[PDB]
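Contents: one structure, followed by commentary.
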Ligand code: BCL
Ligand code: BCL
Ligand code: BCL
Ligand code: BCL
Ligand SMILES: CC[C@H]1c2cc3[nH]c4c(c3C)C(=O)[C@H](C(=O)OC)c4c3nc(cc4[nH]c(cc(n2)[C@@H]1C)c(C(C)=O)c4C)[C@@H](C)[C@@H]3CCC(=O)OC/C=C(\C)CCC[C@H](C)CCC[C@H](C)CCCC(C)C
Ligand SMILES: CC[C@H]1c2cc3[nH]c4c(c3C)C(=O)[C@H](C(=O)OC)c4c3nc(cc4[nH]c(cc(n2)[C@@H]1C)c(C(C)=O)c4C)[C@@H](C)[C@@H]3CCC(=O)OC/C=C(\C)CCC[C@H](C)CCC[C@H](C)CCCC(C)C
Ligand SMILES: COC(C)(C)C(=O)C/C=C(\C)CC/C=C(\C)CC/C=C(\C)CCCC/C(C)=C/CC[C@H](C)CC/C=C(\C)CCC=C(C)C
Ligand SMILES: CCCCCCCC/C=C/CCCCCCCC(=O)OC[C@@H](O)COP(=O)(O)O
Ligand SMILES: CCCCCCCC/C=C/CCCCCCCC(=O)OC[C@@H](O)COP(=O)(O)O
Ligand SMILES: CCCCCCCC/C=C\CCCCCCCC(=O)OC[C@H](O)CO
Ligand SMILES: CCCCCCCCCCCC[N+](C)(C)[O-]
Ligand SMILES: CCCCCCCCCCCC[N+](C)(C)[O-]
Ligand SMILES: CCCCCCCCCCCC[N+](C)(C)[O-]
Ligand SMILES: [Fe+3]
């Protein structure tokens, strides 16, 4: 079935591989070669998780947990029950995520639109690869990656963080959080602004974009504009994830101490480290 | 054991289910009910019901929009099925660029210009917009416009500006016959000596749909222009070598 | 070399946009400011005008007094030494009264009394700013969505500084005014309440905070991808659906099997964001008042 305006867009073309061989839809979903690839990777990864759950002895989604190899395996392959399943599932997940992005690329081409969406999704993939591939390789063991379990991967976050004291003091982490908070603030404001113009006070004609600009100028003295706010939302969210990846790729590779030590540079500068009083003298 | 935290979290999840149900139905105010590929209503509409109509009262005497409401493409669609089963492409029966299908598609929007909050045309050629000028970057006016066949299609003679947002939206390009077309600003690369347009070969510039007035552009015309130009990425692509 | 519309190629400038009037009291609106070519590469170049008015002046006065009460306290903690001030800037903290003072306003100035005074000024600054977000929309005939979304943020802040400390019995439970100290407060709060990872409202808050970045990346990228059809002109696209709105919807329908409208994506957006602090505020409010230990609580309720 189609949206009422959809048929005129369902033309042949835009695929990156396979010609017209996979150039069709299943219900609403476009397929394409990378839809087939996504299906294969995701189906196999899910099968292997089920296998791991069988070895674990539980069907409870709150208890299933696929662990990476013990650290002693270094970067080697491990037996299926002792990290190998995690390793193959990680290949399937990477395979499924990259195939998803390339499927989106084909969709962009058939619709004649920019490629901003799969480009943005690539940041999420790179953050995933930072945690399961780039950082584990740089530290020398798959076992530094996070386990695939609903609660166990949170325990991994907490165990990894507290290895470095209060992880709040990681400065790239501060920047990432600031982008995450600012992004949610801008998303609330942007959603509210558009809706407040499309759905004005009762007894009013629909507002215009001039009303949106006027509202934000009155309120804070500046309106970034309709194009600017979508640029901004994309920038904030991508910058958050970039600084997330950065804050982890350095942790345990070029920084090993309690993160609160990083700022101690500012504290113990020779020209004020020994002044009595305050906090740091 | 079922304490206040328990009551709160189960209550929130119930609220969240209702919110998602509400949000999804709100996002069915366009394009629904679903259709079969032959344009008749589809039997399977899914588990969410169609939203109840809402009304927008449009400013500047432009009328009222009610959504959802009876939908029609309001234009002919030069495509035919390639299969009796569902899920396969529909192929252009003519020239997809000229017919406005696939990535060359346009929507039958109002054949009137978008207006600003004061009821004036939102988009104007810079020569009709008192005081507007290029303030930073390469001024493209007077530069030659080059297509993806690396050949020159014309000369930039003006910039069409979104007045309220102070934004270059179109380049007005003079063709070898002395007529002009609008080129969407998002589809050009302004360079030091030229404006390069990867989407169109030079001989396809005159196919850009024309505007019926020299000082304004209607939403209908903007959709036909913007659709045609973007459609070139797919349909002028055998000329991109 | 295909243009991406992330940065503007050719900036254009005309007369300053003075804005809509509607019912705005123009007596309280400043003159227009200068244009920033720097900002013009990314968004609009025009600065100003801004609206003042009674509520804004009160908010600004009160907010600066909050800021100055903290500054004065920092200067005193630094012994008035400017170099000590810059050195320990992130380490100073205006702390609330000690627990022995309960909710009393009798804490001496140097031992919590200045914290109460700063908090008074902050409380007036935020609530008068909230009144301003409502009245600026009213004056333009607009919906009240901004004031309503802002209330969700205010809710988490009210819970942290005011509601939860009152229900806990002392101002000592409140967050201190300091860069690092409020970070230390945050870490301590989780340790004291048995791991906030296991507060389900905290998990929800994370889902919506991550989901806000997911969704704004999706929507920001989508609108840029259809800016070649005027997609960022969302109000007229709502009034009169164009090929930009249609291609945006079909990208997502073909990708994930369902899609939004130009209007309705902004309802997804506003709810994704406000649910961050809505669930967050609930989760903090229940901590210590109802649940002492989230991990233990979760184990006895199935986690
Ligand atoms: C949510 C659980 C915790 C908490 C945990 C964290 C963690 C963890 C982090 C922060 C971070 C920050 N938090 Mg905190 N934070 C809390 C509550 C608050 C409150 C409040 C009213 O309750 C405030 C004002 C702040 C303020 C701040 C900033 C210092 C910084 C970036 C915030 C941001 O992106 O805003 C989005 C809003 C905007 C961009 C608009 C402009 C905001 C301006 C910049 C706020 C200025 C505040 C203050 C007056 C600045 C003084 C600077 C000099 C000392 C003079 N937090 C609660 C108690 N917060 C990050 C950081 O960098 O810490 C050092 C960080 O890593
Ligand atoms: C006790 C724990 C420590 C701590 C330790 C850590 C550690 C350790 C890490 C972080 C990381 C992060 N922390 Mg910290 N952190 C703490 C306290 C905080 C506080 C706070 C208010 O106190 C905040 C706001 C944050 C915020 C953040 C972010 C900056 C970041 C997580 C986002 C991210 O990386 O996304 C990136 C996004 C992704 C990884 C998602 C990828 C998605 C993929 C591509 C697709 C999935 C598809 C899926 C399988 C499909 C399913 C089916 C379909 C749904 C149908 N932390 C405390 C002090 N924090 C993490 C980080 O930076 O990671 C890089 C990290 O590893
Ligand atoms: C990003 C930094 C840290 C991390 C830190 C945290 C913390 C801290 C928390 C979570 C939470 C969650 N995280 Mg985690 N998380 C990481 C990496 C991941 C990855 C991944 C492939 O990289 C995935 C799929 C998840 C998935 C999840 C969900 C179980 C949950 C809600 C997320 C959400 O809504 O996000 C935004 C995305 C959306 C709204 C879109 C929909 C996403 C859905 C919900 C994903 C379902 C995944 C499914 C259960 C697992 C795979 C399914 C396959 C078919 C087998 N995390 C890394 C290691 N994550 C929260 C929670 O409650 O955990 C119990 C929580 O408190
Ligand atoms: C060791 C630390 C603990 C922990 C302790 C806490 C505590 C404690 C809290 C959070 C909270 C949050 N945590 Mg946690 N957190 C941990 C681990 C994580 C991880 C992770 C990767 O593991 C993540 C992603 C998060 C993420 C989150 C957020 C979802 C949430 C804050 C939402 C928000 O917008 O706040 C920022 C928004 C605000 C504070 C609202 C501000 C509104 C006011 C009105 C603004 C006033 C401005 C003022 C006047 C200044 C103006 C300045 C001028 C503009 C210049 N936490 C660990 C387990 N976290 C909060 C929450 O809700 O918990 C349920 C909270 O209180
Ligand atoms: C970079 C900014 C943010 C971002 C952007 C972003 N994400 C995106 C996109 C964009 C622009 C998409 O286009 C794409 C999409 O289609 O969204 C609807 C996507 C998407 N982001 C998703 C999730 C997601 N994004 C997240 C985050 C973010 N996404 C960033 C904050 C998070 C978290 C934790 O914060 C999650 C969970 C999906 C909804 C979707 C990608 C869908 C996809 O890849 O589908 C193909 C794969 C499958 C259907 C299943 C594969 C199964 C595996 C083989 C097995 C399981 C492996 C996994 C590692 C197990 C983890 C267990 C957990 C308990 C830890
Ligand atoms: C999920 C909801 C998200 C959200 C929503 C939200 N916040 C909002 C809104 C909304 C919808 C608003 O409408 C409102 C707003 O106006 O935004 C533009 C606001 C806002 N959210 C803000 C902050 C904020 N929001 C945050 C979070 C979030 N807000 C969430 C992520 C955070 C954090 C910690 O993450 C912060 C820091 C403000 C920008 C604004 C509220 C403004 C306010 O209340 O101001 C009162 C204070 C003053 C007017 C002045 C204070 C004084 C300065 C500190 C002075 C320093 C400079 C210098 C010393 C001046 C000297 C001058 C001399 C000449 C005297
Ligand atoms: C050059 O130096 C001078 C002196 C000029 C300066 O001005 C320098 C200034 C500084 C260096 C400023 C430093 C400021 C900071 C470090 C601010 C840091 C603040 C935070 C990190 C925010 C922490 C969170 C704050 C919270 C959660 C506050 C809650 C407030 C309550 C909701 C309000 C409760 C009200 C109370 C208790 C009073 C009750 C009275 C009523 C009337 C209700
Ligand atoms: C599975 C479906 C049922 C789930 C179980 C029952 C649901 C329980 C609670 C759910 C309610 C959540 C509703 C959230 C949205 C409320 C609707 C709303 O927002 O109304 C105001 C709106 O009109 C006018 O807004 P504007 O047009 O933007 O001014
Ligand atoms: C006990 C715990 C419950 C929470 C305690 C109170 C917290 C305060 C939070 C307020 C609700 C969150 C904001 C609502 C969603 C965003 C606004 C919205 O979408 O609805 C407003 C809409 O109609 C338009 O307003 P009008 O123009 O007046 O119709
Ligand atoms: C003379 C006064 C001095 C000027 C002081 C400058 C302060 C700039 C602060 C915030 C801008 C960022 C705003 C981000 C949120 C915008 C929400 C939105 O949707 O804006 C869309 C656009 O503004 C309409 O369509
Ligand atoms: C967790 C956020 C995701 C919410 C998912 C909402 C799913 C809506 C699916 C509607 C199906 C649309 N369709 C194909 C019937 O038209
Ligand atoms: C304008 C100031 C607002 C004051 C409200 C908060 C009361 C603080 C009380 C401090 C007590 C000082 N003292 C000496 C009486 O103990
Ligand atoms: C408005 C968008 C709706 C998106 C809803 C996302 C649901 C995420 C589920 C996270 C689970 C958290 N927890 C602890 C309760 O399990
Ligand atoms: Fe938008």
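Chains as they are written, first to last, in the authors' numbering: chain L, 1 to 281; chain H, 9 to 249; chain M, 1 to 303.
Heads up, the beta-carbon is just placed ideally off N, CA and C, and yes, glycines get one too.
Indicate, with yes or no, if ligand 11 has a heavy atom lying under 7 Å from the CB of residue 32 of chain H. yes
Report yes if the CB atom of residue 294 of chain M is closer than 8 Å to the CB atom of residue 199 of chain M, and no otherwise. yes
Chain M contacts from the segment 218–242 of chain H (Cβ-Cβ distance under 8 Å): Across the segment 218–242 of chain H, CB contacts with chain M closer than 8 Å involve 227, 230, 231, 234, 235, 237 and 238, in sequence order along the chain.
Would you tell me roughly how many angstroms separate the C-alpha atoms of residue 170 of chain M and residue 100 of chain M, rounded to the nearest one? 8 Å
For residue 97 of chain M, which residues of its own chain have a beta-carbon under 8 Å away from its beta-carbon, when the five flanking residues on both sides are left out? 104, 107, 111, 112, 113, 115, 116, 170, 171 and 172
As an exercise, report each continuous alpha helix (DSSP H) stretch of at least 4 residues that is fully enclosed by the segment 100–151 of chain L, in chain order. With a minimum length of 4 residues, the continuous alpha helix (DSSP H) runs that stay inside the segment 100–151 of chain L are 116–129 and 135–139.
Along chain M, which residues have their Cβ under 9 Å away from the Cβ of residue 147 of chain H? Correct list: 10.
Could you say which of M:143, M:40 and M:21 lies nearest to residue 144 of chain H if we only look at CA atoms? M:40
Can you tell me the Cβ-Cβ gap for residue 180 of chain H and residue 133 of chain H, rounded? I've got them flagged as a contact below 8 Å. 6 Å
Close Cβ partners of residue 14 of chain L (< 6 Å) along its chain, the five nearest in sequence each way excluded: Taken in chain order, the residues that qualify are 106, 109 and 110.
Where the beta carbon is closer than 6 Å to any heavy atom of ligand 12, which residues qualify, in chain order? M:105, M:106, M:108, M:109, M:113, M:116, M:117 and M:120
What are the boundary residues of the beta strand (DSSP E) that includes residue 64 of chain H? 62–66
Rounded to a whole number of angstroms, what is the C-alpha to C-alpha distance between residue 131 of chain L and residue 249 of chain L? 8 Å
Please confirm whether residue 43 of chain M has its beta-carbon closer than 8 Å to some beta-carbon of chain L. yes
Got a sec, what are the start and stop residues for the beta strand (DSSP E) residue 163 of chain H sits in? 160–170
Which of helix, strand or coil DSSP assigns to residue 98 of chain H: strand
Residue burial classification, residue 45 of chain H (beta-carbon count within 10 angstroms, cutoff 16): In summary, residue 45 of chain H is buried, with 16 or more beta-carbon neighbours lying within 10 Å of its beta-carbon over all protein chains present.
Compare the C-alpha of residue 278 of chain L against each of M:129, M:163 and M:82 and name the closest. M:82
If you measure from the CB of residue 157 of chain L, is any heavy atom of ligand 2 nearer than 7 Å? yes
Mark residue 35 of chain L as exposed unless 16 or more other C-beta atoms lie within 10 angstroms of its C-beta, in which case mark it buried. Its Cβ being crowded by 16 or more others within 10 Å, residue 35 of chain L is buried.
Taking all protein chains shown into account, do 16 or more other C-beta atoms lie within 10 angstroms of the C-beta of residue 229 of chain H, making it buried, or fewer, making it exposed? buried
Taking 8 Å as the CB-CB limit, is residue 218 of chain L close to chain M? Interface flag for residue 218 of chain L against chain M is set, since a Cβ pair is found closer than 8 Å.
So residue 276 of chain L and residue 147 of chain L are supposed to be a Cβ contact under 8 Å. How far apart are they, rounded? The Cβ separation is near 50 Å, so there is no contact.
Looking only at its chain, what residues have a beta carbon closer than 8 Å to the beta carbon of residue 22 of chain L, apart from the 5 residues adjacent to it on each side? 15, 31, 32, 33, 35 and 36
Would you tell me roughly how many angstroms separate the C-alpha atoms of residue 13 of chain H and residue 290 of chain M, rounded to the nearest one? 7 Å
Curious, which full-length alpha helix (DSSP H) runs of at least 4 residues does the segment 172–228 of chain L contain? Runs found: 209–220.
With a threshold of 8 Å between beta-carbons, can residue 299 of chain M be considered close to chain H, or not? no
Cα-Cα, which of H:187, H:137 and H:227 is closest to residue 213 of chain H? H:187
Could you tell me whether the Cβ of residue 85 of chain H comes closer than 8 Å to any Cβ of chain M? no
Say the cut is 7 Å; is the CB of residue 144 of chain M nearer than that to a heavy atom of ligand 9? Flag set: Cβ of residue 144 of chain M near ligand 9.
Taking all protein chains shown into account, decide if residue 239 of chain M is buried (16 or more other Cβ within 10 angstroms of its Cβ) or exposed. So residue 239 of chain M counts as buried.
Do residue 79 of chain M and residue 171 of chain H have their C-beta atoms within less than 8 Å of each other? no
Per DSSP, residue 182 of chain H forms a beta bridge with which residues? Here residue 182 of chain H is bridged, per DSSP, to H:163 and H:188.
Where does residue 249 of chain H land, buried or exposed, given buried means 16+ other C-beta within 10 angstroms? Burial call: exposed.
Kindly indicate which three-state DSSP category residue 194 of chain H falls into: helix, strand or coil? helix
Candidates H:50, H:153 and H:36: closest to residue 184 of chain H by CA position: H:153
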